[PDB]
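Coordinate analysis (summary)
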Amino acid sequence: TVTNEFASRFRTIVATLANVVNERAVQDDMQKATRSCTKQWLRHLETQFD
Amino acid sequence: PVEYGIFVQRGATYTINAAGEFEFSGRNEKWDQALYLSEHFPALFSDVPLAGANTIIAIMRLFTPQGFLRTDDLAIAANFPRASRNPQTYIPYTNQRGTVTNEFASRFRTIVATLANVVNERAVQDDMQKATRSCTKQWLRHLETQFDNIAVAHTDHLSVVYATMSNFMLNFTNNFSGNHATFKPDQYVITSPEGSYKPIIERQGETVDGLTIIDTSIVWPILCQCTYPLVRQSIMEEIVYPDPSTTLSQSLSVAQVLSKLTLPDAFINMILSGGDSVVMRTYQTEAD
Amino acid sequence: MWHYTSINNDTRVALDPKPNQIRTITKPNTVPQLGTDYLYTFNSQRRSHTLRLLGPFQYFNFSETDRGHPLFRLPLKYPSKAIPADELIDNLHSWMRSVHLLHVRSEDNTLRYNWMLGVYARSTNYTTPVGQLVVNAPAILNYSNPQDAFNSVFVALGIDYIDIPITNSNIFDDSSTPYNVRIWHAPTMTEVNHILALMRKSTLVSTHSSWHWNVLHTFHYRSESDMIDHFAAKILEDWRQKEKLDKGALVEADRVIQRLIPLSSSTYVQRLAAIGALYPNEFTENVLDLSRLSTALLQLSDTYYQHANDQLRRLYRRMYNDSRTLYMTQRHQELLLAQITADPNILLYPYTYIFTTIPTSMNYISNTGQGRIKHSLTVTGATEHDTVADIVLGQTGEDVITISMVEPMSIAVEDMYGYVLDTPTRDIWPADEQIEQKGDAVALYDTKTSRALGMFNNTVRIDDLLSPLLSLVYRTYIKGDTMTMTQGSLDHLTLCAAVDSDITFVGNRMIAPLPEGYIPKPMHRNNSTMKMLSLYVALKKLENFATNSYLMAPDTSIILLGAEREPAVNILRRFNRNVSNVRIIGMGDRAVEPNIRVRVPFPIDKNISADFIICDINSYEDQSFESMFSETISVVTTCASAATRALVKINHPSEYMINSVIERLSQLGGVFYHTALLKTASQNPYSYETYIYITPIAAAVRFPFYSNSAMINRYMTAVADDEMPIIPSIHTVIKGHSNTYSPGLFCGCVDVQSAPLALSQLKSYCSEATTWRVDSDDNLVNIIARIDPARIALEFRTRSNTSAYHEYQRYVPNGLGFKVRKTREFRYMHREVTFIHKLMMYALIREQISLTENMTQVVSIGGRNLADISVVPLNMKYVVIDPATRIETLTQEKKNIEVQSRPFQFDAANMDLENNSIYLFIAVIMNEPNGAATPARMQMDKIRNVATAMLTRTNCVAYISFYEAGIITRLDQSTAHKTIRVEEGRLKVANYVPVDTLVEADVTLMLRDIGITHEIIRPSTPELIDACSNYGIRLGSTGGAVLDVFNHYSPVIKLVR
Amino acid sequence: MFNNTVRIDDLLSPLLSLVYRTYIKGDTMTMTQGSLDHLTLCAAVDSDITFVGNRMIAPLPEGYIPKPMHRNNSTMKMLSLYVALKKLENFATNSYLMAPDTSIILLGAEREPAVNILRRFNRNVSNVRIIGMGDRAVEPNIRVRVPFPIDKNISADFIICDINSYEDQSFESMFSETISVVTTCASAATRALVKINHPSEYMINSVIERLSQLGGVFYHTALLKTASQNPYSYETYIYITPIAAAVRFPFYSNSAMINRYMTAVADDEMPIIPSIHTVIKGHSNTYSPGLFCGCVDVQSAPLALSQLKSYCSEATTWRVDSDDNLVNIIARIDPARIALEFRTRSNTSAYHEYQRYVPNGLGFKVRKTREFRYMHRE
Amino acid sequence: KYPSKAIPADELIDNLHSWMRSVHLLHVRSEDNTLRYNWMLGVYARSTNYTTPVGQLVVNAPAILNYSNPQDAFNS
Ligand SMILES: Nc1nc2c(ncn2[C@@H]2O[C@H](COP(=O)(O)OP(=O)(O)OP(=O)(O)O)[C@@H](O)[C@H]2O)c(=O)[nH]1
Ligand SMILES: Nc1nc2c(ncn2[C@@H]2O[C@H](COP(=O)(O)OP(=O)(O)OP(=O)(O)O)[C@@H](O)[C@H]2O)c(=O)[nH]1
Ligand SMILES: Nc1nc2c(ncn2[C@@H]2O[C@H](COP(=O)(O)OP(=O)(O)OP(=O)(O)O)[C@@H](O)[C@H]2O)c(=O)[nH]1
Ligand SMILES: C[S@@+](CC[C@H](N)C(=O)[O-])C[C@H]1O[C@@H](n2cnc3c(N)ncnc32)[C@H](O)[C@@H]1O
Ligand SMILES: C[S@@+](CC[C@H](N)C(=O)[O-])C[C@H]1O[C@@H](n2cnc3c(N)ncnc32)[C@H](O)[C@@H]1O
Ligand SMILES: C[S@@+](CC[C@H](N)C(=O)[O-])C[C@H]1O[C@@H](n2cnc3c(N)ncnc32)[C@H](O)[C@@H]1O
Ligand SMILES: [Mg+2]
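Now for a quick tour of the structure. (Residues numbered from 1 in each chain as written, not as in the entry; some residues may be left out. Chains lettered and ligands numbered in written order. Part of a larger assembly, values for the part shown. Heavy atoms only, no water.)

Some remarks on the overall build of chain B
Condition: In DSSP terms, a helix is any run of H or I states spanning at least four residues, a strand is any run of E spanning at least two, and both are numbered starting from the N terminus. Taken over C-alpha atoms, the radius of gyration is set against a globule rule of 2.2 Å times the number of residues to the power 0.38. Accessible area is worked out with a 1.4 Å probe on protein chains only. A residue is then buried under 20% of its type maximum, exposed over 50%, and partly exposed in between. To measure how exposed things are, a 1.4 Å probe is used in the Shrake-Rupley method; for residues, cover is taken only from the protein chains shown. For this count, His and the chain ends are skipped, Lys and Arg are scored as positive, and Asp and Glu as negative. Where a charge lies is defined by one atom per residue type: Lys uses NZ, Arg uses CZ, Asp uses CG and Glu uses CD.
Per the secondary structure count, chain B includes 9 helices and 7 strands. Relative to the globule expectation of 19 Å for 288 residues, the C-alpha radius of gyration of chain B, 26 Å, shows a markedly less compact shape. Its C-alpha atoms give chain B principal-axis dimensions of roughly 105 × 55 × 35 Å. Within chain B, the fraction of its 288 residues that count as buried is 32%. Accessible surface, chain B as shown: approximately 18,800 Å² in total, 60% of it carbon and sulfur. Distance between charge centres in chain B, computed from 21 positive and 29 negative side chains, equals 9 Å.

As structure tokens, then:
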């Protein structure tokens, strides 16, 4: 495979997780910076996982 | 990911058909250079529109060459060796005499505009801060300024060096046609009927002292930390017009050497060329 | 019309502006307009934008600065939908302002403006030597002589050529161009000859037969395939143009030979030039598919490379061997000569051969584009088949062909509520007749009625049969599209039956618009819903025939005695909502609310009465005949006692049952009961169940008992079947002339070369055969073809196997259908009632004919297009005596069928009946040869003549079909007759003129007076099942309602000697 | 050359596309259910049309712009033959819808778009069979050879044959084929409207002799030609119909429709292609039919008008702009003006009047003008 | 994305259409009229991204998915 199915599953998982943590982040009126950082860690996790 | 799916379902490669229609692989295989001599081409550079993979094909439009297809005029007149039936190096950029603005640089301008757009939409999908985003744009336009500034001395100086090296005696092959979608080097071989053919172009992988590996990174110093005799002009370096005699004599020495490199082998083979044979029965159809 | 008539002209030169117009060629002051300045379009399927500039701008190179304009950013800006016209006009206009071509305007009227060089120099931003020459001397762009326009720039540059990039026609794609054009400095023809001869020394170049501006120009392709697409586009162009010149119409052609000449090219291009030169018949016939044009041309060049025709093969080969030569027809060459005459110094390609075109007689059929071809196979043709190999049809996916069990019925909404009546005939009921009819009834009931009848009655349920119509009415009401209808109209009832919600008109003929966001569910209907509705409509029609409104009168009531959910009670309650005081209730033993749950006979305590009663009682329990009898009797008894207008069901309408019911109504004190058998269009097509209609009348009823009634015979003629029901097969192997196929249909697929063959073989069984390729690139043709027994009874009369195969091979490959859509054939197709009655006639007469011994021939007078052929056995000779019949002496000689093709003479002196003959007079006696109806006395007279004429013959059998008078009495009172009518008291079947009917009693009395042996027989239920099975036909609803009364009242007289 | 240069389809094109263009904008509204305007509407657009009531068509559903109905060259003609059949059953009629429980056949068929436009024109009428039936027929139209197979049963109240073999053939075969075509067309319907590709007096009269030969049915007949036919086609529609009386004067002789064909014969000279002249010689009389067209400096303009007067009867002119000195000039050559002006060698003209025109007095138009090589005439 | 109300038909059609573009089953088209396509194995091999042995067999010999006799479709 060009792409790993396990890793792509982790990709969709972290997409949904980014969404959940995002909506909590906007309900908590927390800053754009910390939120983008949480997303940065999520995608970094995704890269480490692939 | 979506356009990527739509593109890659078509296949990561294609072959031009004998009828000339494209035939995409339908498969997502990683490319290898072993394929470069194969019938296949990378699919990104097909320049074939796809129904929902438009942004991919658009970004791939940014890779289109900005040069022209010069005939190898002097090499022809000098009666130098040429594998092609009409020799034609593709010079990467046109001379830009008399222009207020450099067309190469303006092309780089539109390219970085589209790049700013792509990196922007990724930046907003990634909820990243306004500051870092504006900084990425600042670097993009700074690149654009550096490129205008350097290209004024690229198109107008280096291009005549390509145009002149295109004519050198030992540059016998054609190098490009300008069409990434369909170009593939003509693949001559030395076929021997009583042997196996030796391809001239082969992924033999011997590096010729590292010559066959390519750092793309080298473009950064070119855009950035390098200077040109035209770019400097506010000192005015006189341009250098090198003596023909060096590369001419070097070419003559190479040619003259390999011209007589083969002679004894060639002579002997000339002698024995009829000497190959087949066992054959001869049945006798009539008496005596 | 041999000579080509064409005005050749340099259109490209004509497109070049006078220099004065260059200042305003952008029209800077006014906005560009669609269809004049530009032609934008958006292919939403491909999601591809395409802007095409019009006028001089169609040829326009773009500087990279021009591409940096926002107008070119737009297609990326709108990936999904079309670019809004405001943005397109605004951006295109601003870019139009952005462009300004260099020029020097001058007074000379002979001048033009070298627009190509002007735009090109602009696009390079004047960095090429041509660009410098233009920027320094713009006046050089002006030109009088078109050729010197470039010679000036060549002499001025010292170059032998320039190499212009080609425009992409759509301005939105920026993709690298396939080739570039190279303009040469060759002012004289000799210089051009030299450049061409040198051009044959170098790869991938080609040139036009003649050049614009009269200056030689050569295309140089970046790759082989690019050359191939170019050559193919040009071959299309020259082929179309030559197609117009061949028709002889005047054409404004740019040059006589529009296609390219390779100078150096690969093998595949040399092939393209050769077939392109050939002008093959295949293009005119549309045999090639143009979707992948170049491929089609390669395959075509293949067929020509080894053509069966030696001329065409040697000609193609010669064209391939000398591709640098431009082959052309003599008619082209005369045009070229006219052109050399008009412009003596014109340049045009010197190397040219004038071949004579080779005629070909084979006219291939073709039609590209959607639509399956609905073949009608001939029985015989010029081709002689001998022991043809079995032709397997491939398996086909449901992606292409689905096979639904029954065809849903298309029908007007009103027609559903039609019904037919059958009034009693007998004046008395003798006790011996009672014992006989009871014997037949008990014996029939004890062994259940025919299994095939049950298979049909259950396969073709009315609910699924009427489903698409009802769901359609619901689907239109949901969209709000429905509007006007009368308060009492049947369309109003169908609407009440389509949707669960109450409907209320806002005024006369105007229903209320749906409240926003409200989409009420479709009304729930079981199988007996529509039927109960139709019995209601029948009750309203029976209280008075004049009515159009079907609402109940105020202060009146109805009961639906059979009840479960009883949806009809709800649809009725909803239909009459605006009427005051209208009780409507179901009342079954299985009844759910609203309907009251109660056993019948009603309890002595409970008080029940109504002005109407629609019983539908039917015990689910299997039971003894005595109990079914007493139960049905008590049901009709309470139904009559409780209402002035009962409409009772009878599940087993034997003559004994119905007559016993009449005897029971006769037994009740002081109230004489008018009564009539009945059957609605909403009933299941094959149900023998019948609705007896009771009503008091002050007079005693003359002729109250039934005997040999239609509705009853629909039941009693059915009996246990000797053979298992015929399940429709789906054949895939087409044997040559086998006669082993069971009823059903061939269906499948074959390679298109084999397609003409299979049509030549399925012709033996199938009467007509739909076919289609599914796609241009898919070689298989799908084929559906149902088996016609009439075609079998025709084709297998003799062993010769001729067909029109030579015609069918004209079809391949584009000529036999194309349809991407999935098609849904039915195992049981719809048919009009008259046709089914005809097939029942043929089944009856055929079974009657097989029984007869030692009969030399069957003479069907009035046999039309061999329609009675299904009756006659394959052995005995068939003879038609219909003037209307077409003559086919080859088919007649090959299939053993003599055809008189003259009117039959009914006069007894002229009569010529052969011994051992079977004379068919099926519905021919009632009409004159020209089609005008004969008066009934003349009909009975000619029947009397055919009767007396047969009196002498030792062995003969006539089958004289005719209509009984009683049917006109019944259709005067019935409603379900969309086809049959009663114009001024005469029957009007199908499209025939109305015809007076014979009375059966006077006819039988007349035949008794003749002294001839006779028998008045009619086709039965098993004959109907035989027709429907063998033909693959389902009866339908209105057909199932009217078939009993119609078929019972079309007796076939059976004269015999 | 004329019959093929001036095809009816391109000739009627702007009108049909106009009706489609107005229907698409929703601008069209009122028309009778049976009106010819209703037929043109059915022929302009692919979609089914349904009136919401008398004289009021349904407004287009939002976002829906149905494609124009596809028409080959013989579409409008078949439509007009249909209208001709309705006009022949009775002349009083304004509605052109078929009666309920009646049928028509269009015997020549490929796509047969007219069968579709007709099926769509009569949508509100109950029970109206309409089918093409050619040997080249595609669905809906049944594909079958004429004469009809002995087995197949075909009948209708109307028949519009358009049969025309593409194959080149001997006269005996064309004759027997046309005869069998008219024979089956007459036998299968009470109102056939058969085509005749080669309507020689012999052909039509042979057809009448053949209808005379059929037993017991006298045939009234008439030659016919619709406005929807190609302007130059000599092809003619014979109209068959039974009548109870024997027909007095049934054979043709020197009939108009026939003479339109038979008078035409192989031509001694090549057809005259319209030239576009650019040189105006003074009093030359050497110009072939066609037109002068071009441009001149405006000072020279009065002169050229004084010279083209010899040939051209009237001459349009215009400068294209105030700043553009040239005047464009178009002037077609009138043979009557030649036959007049060249009677004597004097070359007088109103040149003094024409020089009053320069420079603003002889036209101005920025718009591109589109002259025709073949102008319309009554 | 739509917990409460029905997914709007435009989004459903657009997304389902793009995913429909996204799918492409491996096959080798052929002239034989008797042939079918082992759709089960084709989609399955696709969904595993051709990592199962069935997936390798299909990715290397797609023609194996074609079958005349329905049973031999798997026996192969
Ligand atoms: N850049 C540029 N190319 C031109 C211009 N005019 C014609 N051409 C090119 O010249 C080539 C051959 O010229 P033509 O013979 O006039 O065109 P053609 O071969 O009949 O084919 P089409 O251009 O598609 O109509 C075409 O491929 C054009 O793209 C021009 O004004 N500018
Ligand atoms: N002119 C012409 N020559 C052909 C054609 N097909 C084969 N040939 C001749 O056959 C030689 C090679 O034959 P093949 O290798 O079988 O041709 P191909 O490329 O496989 O093309 P196909 O016949 O369609 O399979 C060529 O050098 C040609 O001379 C054709 O279609 N046209
Ligand atoms: N993955 C996959 N499963 C399939 C395919 N075809 C059938 N099946 C499965 O095979 C099982 C049994 O096959 P069938 O007998 O055809 O289906 P069924 O048992 O009648 O029940 P249904 O599938 O619900 O109609 C079912 O549970 C299906 O899910 C296929 O093409 N791909
Ligand atoms: C054929 S079903 C149709 C009922 C009704 N037409 C409907 O809408 O469904 C007739 C029903 O009558 C009921 N029934 C049977 N015998 C009855 C009886 N003796 N008295 C009253 N109802 C009876 C049965 O339960 C049976 O379900
Ligand atoms: C009902 S149709 C054909 C009968 C049968 N249904 C069939 O299809 O074979 C009767 C045909 O017989 C023809 N006919 C009428 N009178 C006739 C006569 N006196 N002798 C022979 N044929 C006659 C008419 O042309 C009419 O079309
Ligand atoms: C001039 S075309 C016009 C057809 C039709 N009017 C349409 O809409 O295109 C006449 C067609 O009749 C078909 N035809 C020729 N001979 C025929 C025949 N003997 N019987 C039936 N159809 C025939 C030809 O295939 C030809 O295409
Ligand atoms: Mg062109």
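Here we look at the environment of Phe172 of chain B
Residue and element names in this part refer to chain B. To keep it simple, the criterion reads: Contacts: residue pairs with any heavy atoms within 4.5 Å of one another.
By secondary structure assignment, the location of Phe172 is in the loop between α6 (158–165) and β6 (189–190). Residues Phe172 and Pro81, spaced 91 residues apart in sequence, show a C-alpha to C-alpha distance of 5.7 Å. When residues no more than four places from it in sequence are discounted, the contact partners of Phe172 are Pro81, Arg82, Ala83 and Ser84.

A closer look at the sheet that holds strand β16 (residues 419–422) of chain C
Residue and element names in this part refer to chain C. The following threshold applies: Between any two strands, pairing holds if DSSP finds at least two bridges. Comment: axis = line fitted to C-alpha atoms, over the contacting stretch for helices; angle = value between 0 and 180 degrees taken between N-to-C directions.
Overall, antiparallel pairing links the 3 strands, which are arranged β16-β23-β25 in an open sheet. Only two strands of the sheet have a single neighbouring strand rather than two, namely β16 and β25 (693–696). Across the sheet, the axes of successive neighbouring strands diverge by a mean angle of 35°, strand direction being ignored. Of the pairings in the sheet, the one linking strand β23 (residues 673–680) to β25 comprises 4 bridges and is antiparallel in character. If you follow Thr675 over to β25, its bridge partner there is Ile694. Across the sheet, helix α20 (residues 529–543) lies against β16, β23 and β25, angled at about 140° from β23, the strand it touches most.

Some words on helix α16 (residues 451–459) of chain C
Given 3.6 residues per turn, any residue in an α-helix points the same way as the ones three and four places further on. All names here are of chain C. For the record, the criterion: Throughout, the arc means the angular range of directions from the helix axis out to the C-beta atoms. In the analysis that follows, any N or O atom pair within 3.5 Å is treated as a polar contact, provided that within protein one partner can donate a hydrogen and the other can accept it, and provided that, for residues neighboring in sequence, both atoms belong to side chains.
Those residues of α16 lying buried are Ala452, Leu453, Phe456 and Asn457. Seen from one end, α16 has its buried residues packed into an arc of 135°, which puts them on one side. One side-chain oxygen of the residue at the start of α16 lies 3.3 Å from the amide nitrogen of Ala452, identifying that residue as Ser450.

Side note on the interface of chain D and chain C
Note the cut-off: What counts as buried area is the accessible surface, traced by a 1.4 Å probe, that two parts surrender upon association, with contributions from both included. When a carboxyl oxygen of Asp or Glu is within 4 Å of a side-chain nitrogen of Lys or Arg, the pair counts as a salt bridge.
The interface of chain D with chain C comprises 40 residues on the first partner and 47 residues on the second. Among the residues of chain D in contact with chain C, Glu139, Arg143 and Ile150 of chain D are the three that bury the most area, contributing 21% of the side total. Here chain D and chain C share 4 salt bridges between them. Salt-bridge contacts for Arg23 of chain C lead to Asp323 of chain D; the nearest nitrogen and oxygen are separated by 2.4 Å. Seen at the junction of chain D and chain C, the total is 19 residue pairs in polar contact.

Concerning the site of ligand 1
Residues and elements named next belong to chain C. Rules: Definition of nearness: a residue and a molecule or strand are near each other if at least one heavy atom of the residue lies within 4 Å of the molecule or strand. When residues are sorted by character, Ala, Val, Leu, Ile, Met, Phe, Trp, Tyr, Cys and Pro go into the nonpolar class, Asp, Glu, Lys and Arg into the charged class, and all the rest, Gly among them, into the polar class.
As a structural note, the neighbourhood of ligand 1 is formed by 17 residues, with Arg12, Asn61, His208, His212 and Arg255 the closest of them. A distance of 2.8 Å separates an oxygen atom of ligand 1 from a polar side-chain atom of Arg12. Here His212 contributes a side-chain N or O atom positioned 2.6 Å from an oxygen atom of ligand 1. Expressed as a share of its isolated accessible area of 600 Å², the protein-covered part of ligand 1 is 85%. Of all the secondary-structure elements, those providing two or more residues to the shell around ligand 1 are α5 (115–123), β5 (161–165) and β8 (217–221). The residue makeup of the shell around ligand 1, split by class, is 9 nonpolar, 6 polar and 2 charged.

Quick word on the interface of chain B and chain E
Listed per partner, the contact involves 8 residues of chain B and 8 residues of chain E. On the chain B side of the contact with chain E, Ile6, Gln9 and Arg27 of chain B bury the most area, a combined 64% of that side's loss. At the boundary of chain B and chain E, one finds 0 salt bridges. Across the chain B-chain E interface, the total number found is 1 residue pair in polar contact.

Regarding the sheet that holds strand β5 (residues 142–143) of chain D
If you walk across this open sheet you meet the 6 strands as β26(C)-β28(C)-β30(C)-β29(C)-β12(C)-β5(D), and the pairing is mixed. Each of the sheet's edge strands pairs with one partner strand only, and the pair in question is β26 (729–731) of chain C together with β5 of chain D. Relative to the sheet, helix α25 (residues 755–762) of chain C contacts β12 (373–375), β28 (744–751), β29 (769–773) and β30 (780–786) of chain C, its axis offset from that of β30 of chain C by approximately 10°.

Concerning the pattern of salt bridges
The final tally for this structure, using the stated rule, is 53 salt bridges over all chains. Note that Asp589 of chain C is salt-bridged to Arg599 of chain C, the shortest N-O span being 3.2 Å. Residue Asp589 of chain C is found in the loop between β20 (582–586) and β21 (612–613), and its partner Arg599 of chain C is found in the loop between β20 and β21; the two are separated by 10 residues along the sequence. Its salt-bridge partner being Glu689 of chain C, residue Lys649 of chain C comes within 2.9 Å of it at the nearest N-O pair. Of the two residues, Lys649 of chain C is situated in strand β22 (residues 649–650) and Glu689 of chain C in the loop between β23 and β24 (690–691); the sequence distance between them amounts to 40 residues. Residue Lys649 of chain C is classed as buried on the basis of its relative accessible area of 7%. Here the salt bridges share partners, and the residues they tie into one network are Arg11, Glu46 and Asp50 of chain A.

Some points on the pairing of strand β37 (residues 917–921) of chain C
Residues and elements named next belong to chain C. Our working rule: Orient the strands so they point away from the viewer, and a crossover whose first-strand-to-second-strand path over the helix runs clockwise is right-handed.
Burial runs high along β37: 5 of the 5 residues are buried. Residues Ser917, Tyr919 and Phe921 point to one face of β37 and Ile918 and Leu920 to the other, with burial holding for every one of them. On the question of chirality, the crossover connecting β37 to the parallel strand β38 (residues 956–961) by way of helix α30 (residues 936–949) is right-handed.

Remarks on the site of ligand 4
All names here are of chain C. Around ligand 4, the structure places 19 residues, and the nearest of them are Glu564, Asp589, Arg590, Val600 and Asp616. A distance of 2.8 Å is found between an oxygen atom of ligand 4 and a side-chain nitrogen or oxygen belonging to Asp589. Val600 is positioned with one of its backbone polar atoms (N or O) 3.0 Å from a nitrogen atom of ligand 4. Burial of ligand 4 by the protein chains amounts to 95% of its free accessible area of 600 Å². Here the residues of the shell around ligand 4 sort into 7 nonpolar, 5 polar and 7 charged.

A closer look at the arrangement of the chains
The pair of protein chains exhibiting the most contacts, out of 6 pairs of chains in contact, is chains C and D. The two units chain A and chain C remain apart, with a minimum C-alpha distance of 24 Å. The two units chain A and chain D remain apart, with a minimum C-alpha distance of 36 Å.

Examining the pairing of β30 of chain C
Residues and elements named next belong to chain C. Of all 7 residues that make up β30, 7 are buried, and the element is covered over most of its length. Residues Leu780, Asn782, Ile784 and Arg786 line one face of β30 and the alternating positions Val781, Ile783 and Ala785 line the opposite face, and both faces are buried. Direction of pairing for β28 relative to β30: antiparallel, over a ladder of 7 bridges. In the strand pairing of β30, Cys747 is matched with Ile784. Between β29 and β30, which pair antiparallel one after the other, the connecting turn spans 6 residues.

Side note on the packing of helix α18 (residues 467–479) of chain C against helix α19 (residues 490–498) of chain C
Residue and element names in this part refer to chain C. Inclusion rule: Orientation labels follow simple angle bins: below 35 degrees gives roughly parallel, above 145 gives roughly antiparallel, 65 to 115 gives roughly perpendicular, and whatever is left gives oblique.
With their axes 9 Å apart at the nearest point, α18 and α19 run at an angle of 85° to one another. When the axes of α18 and α19 are compared, the pair comes out roughly perpendicular. Touching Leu470, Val473, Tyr474 and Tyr477 of α18 are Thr494, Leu495, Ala497 and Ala498, all from α19. Each residue belonging to the contact of α18 with α19 can be placed in one class, and the counts come to 7 nonpolar, 1 polar and no charged.

Regarding the packing of aromatic side chains
Selection criterion: Under the pairing criterion, centres of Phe, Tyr and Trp rings, with the six-membered ring standing for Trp, must be within 6.5 Å; the plane angle then separates stacked pairs below 30 degrees from edge-to-face pairs above 60, leaving the rest tilted. For a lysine, the NZ atom is tested; for an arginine, the CZ atom; a charge sits over a ring if that atom is within 6 Å of the ring centre and within 35 degrees of the ring normal.
For the structure shown, the criterion picks out 61 aromatic pairs over all chains. Aromatic side chains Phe62 of chain C and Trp95 of chain C sit 5.6 Å apart centroid to centroid with 55° between the ring planes, which places their arrangement in the tilted category. With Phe62 of chain C in the loop between β2 (48–50) and α2 (64–67) and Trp95 of chain C in helix α4 (residues 85–98), this residue pair connects regions lying 33 residues apart in the sequence. Here the aromatic cluster, defined as three or more aromatic residues joined through ring pairs, consists of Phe57, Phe60, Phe62, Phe72, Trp95 and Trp115 of chain C. Directly above the aromatic system of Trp772 of chain C lies the positively charged group of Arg372 of chain C, at a separation of 6.0 Å from the ring centroid. Over the face of the ring belonging to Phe91 of chain D we find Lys87 of chain D, whose NZ or CZ atom lies 4.5 Å from the ring centre.

Here's the deal with unusual backbone geometry
When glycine is set aside, most residues are seen to have a negative phi, and most peptide bonds are trans. Put simply, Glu593 of chain C and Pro594 of chain C share a cis peptide bond, and its omega is 0°. Geometrically, the link from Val600 of chain C to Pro601 of chain C is a cis peptide bond, its omega value of 10° lying close to zero. Topologically, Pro601 of chain C is positioned in the loop between β20 and β21. Located in the positive-phi region is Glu984 of chain C, a residue other than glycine, with phi close to 50°. Position of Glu984 of chain C relative to the elements: it lies in the loop between β39 (982–983) and β40 (986–987). A relative accessible area of 75% means that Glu984 of chain C is categorised as exposed. A positive phi angle, near 55°, is found at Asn254 of chain D, a position not held by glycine. Considering the arrangement of structural elements, one finds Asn254 of chain D in the loop between β10 (239–242) and α9 (256–262). On the basis of relative accessible area, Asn254 of chain D is assigned to the exposed category, the value being 57%.

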